[PDB]
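Neighbour counts are summed over all protein chains in view; Cβ atoms, including those assigned to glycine, are modelled from backbone coordinates with ideal geometry. Numbers and lists here come from the model and the stated rules, or from a named source; these are not laboratory values.
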Ligand SMILES: Nc1ncnc2c1ncn2[C@@H]1O[C@H](COP(=O)(O)OP(=O)(O)O)[C@@H](O)[C@H]1O
Ligand SMILES: O=S(=O)(O)C[C@H](O)CN1CCN(CCO)CC1
Ligand SMILES: OC[C@H]1O[C@H](O)[C@H](O)[C@@H](O)[C@@H]1O
């Protein structure tokens, strides 16, 4: 079984969010579980520079101009790169320019991604051809469309990491992407009178997965599907929709071995976490106090993630004696809002606007609670990281958050399954109740410790995930 992942990011080479973490860890897990998995990425600068053994496989002309297909390895996994400098040789985000504007040629940049994914199924690489093309999110959404147009020389799965990103392009671009014009149909990649790459992936794939069992349910609903629910309901009925929960990469996210930490620690030596908290408080200008709960945010600052709710609840949190350590970027209103709170409440509110990989680890290893009040959450990796680091996740019950966190209810505590705090509704009052629950648990140190150790006992294994994907690939 040979599988090609088609995607736009991969940790540690290029990352804007959780998708990169997944691509950086799944393929190796699949190889251990007996599937020959390879990865296809655009040759973005940071990616090309990481793959130092990359060699030329072939050269082609395409509707978007020439590509050189390269192939190398990273961390033992086979990596293909689409070198097409006129499309991909630009710094920063795969998706937008430095002024945050989508590239005007995005339609070509990502259509080509899909095209090369499909072409691989027809011998683009004379030495290796995938049995399954595994496309991720809209970026790779055309892979299954090109495959369908070519008579399906390989089977395909399309994995939804997030349905809110639809890859919408004007219909006239049908002229530019070398697909049958008959594909521009509601039974095809048309969506509200435009081309949707997401629609294309959902429609043409042999099978669709989502990154958690609950999200796979949710996206058959209008409030999570944003118009796509009819296709997904039909695919569910056809048995062509399923959920497979993400793992966590233990090479990167383990307090036991995390080299980015002032102090490493384990489920049975949580006293060794204290130094991380102390240094986190110092680094952020917080009062150095071990009697007070430190709440953490590592997140995009947006409504999708519920960070407006955090801002609204902040006074309530401060009033009860908690601290906040926040790292993130997003809505300028929220950025400014949080900077204002840090200025207004120095010593209890520490804020850092921007993206900092290493600092996220120091927050994860030092905070007591991580706030993940997502409005929707296909998976929510930061919360799985919280569990592993014994920093209790405080989450809204939606998507993967609902699959993985157990509220500190009486029965969960009694059954020894409690592992964090869960609230229900997307408002500050609802959030504030969970926050109060955390203060109540904090006032009982031995119960807190009990819950920390259960949080750290939870396991999210990529090789277990690989086994589900394998079963799926063989059913296709
Ligand atoms: N400002 C930031 N600094 C460092 N890492 C961040 C920042 N914002 C998000 N991340 C990281 O991005 C990933 C987000 O994954 P996840 O929580 O599943 O959300 P999503 O898939 O929507 O990006 C996590 O690794 C998280 O730690
Ligand atoms: O907004 S864009 O469509 O231009 C950019 C992408 O959709 C960015 N992503 C990456 C993957 N995501 C979810 C999986 O981590 C968030 C959307
Ligand atoms: O965060 C970026 C945005 O992405 C999507 O468009 C969501 O619909 C929105 O809620 C979110 O804030």
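Some notes on this structure:
- Some residue of segment 147-159 being part of a loop (DSSP other than H, G, I, E, B), within 16 Å of ligand 1 (Cβ to nearest atom), under 26 Å from the mean Cα position of the chain (by Cα) and crowded, with 20+ Cβ neighbours inside 10 Å: no
- Any hit, segment 211-222, residues being under 19 Å from residue 117 (Cα atoms) and buried (at least 17 other Cβ atoms within 10 Å of the Cβ): no
- Residue list for segment 265-305, restricted to those being away from ligand 3 (no atom under 16 Å from the Cβ), farther than 21 Å from residue 347 by Cα and not in a helix (DSSP H, G or I): 265, 266, 267, 268, 269
- Restricted to segment 300-325, and to residues there that are touching a helix residue (DSSP H, G or I) at 6+ places or on another chain (Cβ under 6 Å) and under 21 Å from residue 358 (Cα atoms), the residue that is farthest from ligand 2 (Cβ to nearest atom) is 325.
- Residue match in segment 401-421 (condition: touching a strand residue (DSSP E or B) at 6+ places or on another chain (Cβ under 9 Å) and without any contact (Cβ under 8 Å) to a residue 12 or more places away in the chain): yes
- Criterion (assigned by CATH to the domain that holds residue 290, buried (at least 21 other Cβ atoms within 10 Å of the Cβ) and away from ligand 3 (no atom under 16 Å from the Cβ)) met by exactly one of 356, 361: 361
- The numbered conditions (1) within 16 Å of ligand 3 (Cβ to nearest atom); (2) assigned to a strand (DSSP E or B) are all true for residue 4 except (1).
- Some residue of segment 100-107 being surrounded by fewer than 14 Cβ atoms within 10 Å (Cβ to Cβ) and in contact (Cβ under 8 Å) with a residue 24 or more places away in the chain: no
- Verdict on residue 280 being touching a residue at least 60 places away in the same chain (Cβ under 8 Å) and within 14 Å of ligand 1 (Cβ to nearest atom): no
- Where a residue in segment 336-347 is over 16 Å from residue 322 (Cα atoms) and its partner, wherever it lies, is surrounded by fewer than 17 Cβ atoms within 10 Å (Cβ to Cβ), with Cβ under 8 Å and at least six apart: none
- Complete set of residues in segment 10-19 that are within 10 Å of ligand 1 (Cβ to nearest atom) and assigned to a loop (DSSP other than H, G, I, E, B): 11, 15, 16, 17
- Within segment 293-315, residues that are assigned by CATH to the domain that holds residue 346 reach partners that are away from ligand 1 (no atom under 16 Å from the Cβ) and assigned to a strand (DSSP E or B) with beta carbons closer than 7 Å, at six or more positions or on different chains, in the pairs 294/323; 295/323.
- Residue 375 vs. criteria within 16 Å of ligand 3 (Cβ to nearest atom) and either without any contact (Cβ under 8 Å) to a residue 24 or more places away in the chain or within 20 Å of the chain's Cα centre (by Cα) (or both): yes
- Against the numbered list (1) more than 16 Å from ligand 3 (Cβ to nearest atom); (2) crowded, with 18+ Cβ neighbours inside 10 Å; (3) more than 23 Å from residue 440 (Cα to Cα), residue 308 comes up short only at (1).
- For the criterion of being in contact with a strand residue (DSSP E or B) (Cβ under 7 Å, 6 or more places away or on another chain), assigned to a strand (DSSP E or B) and either within 28 Å of residue 256 (Cα to Cα) or within 16 Å of ligand 3 (Cβ to nearest atom) (or both), residue 367 fails.
- Restricting attention to segment 6-44, the residues that are closer than 25 Å to residue 400 by Cα and either within 14 Å of ligand 2 (Cβ to nearest atom) or outside the structural domain of residue 153 (by CATH) (or both) add up to 19.
- Residue in segment 322-341 that is under 20 Å from residue 391 (Cα atoms) and part of a loop (DSSP other than H, G, I, E, B) present: yes
- Strands (runs of 3 or more DSSP E) fully within segment 21-100 that include at least 2 residues being under 23 Å from the mean Cα position of the chain (by Cα): 36-42, 67-74, 77-83.
- Residue that is nearest to residue 244 (Cα to Cα), among those in segment 101-140 that are within 16 Å of ligand 3 (Cβ to nearest atom) and part of a loop (DSSP other than H, G, I, E, B): 137
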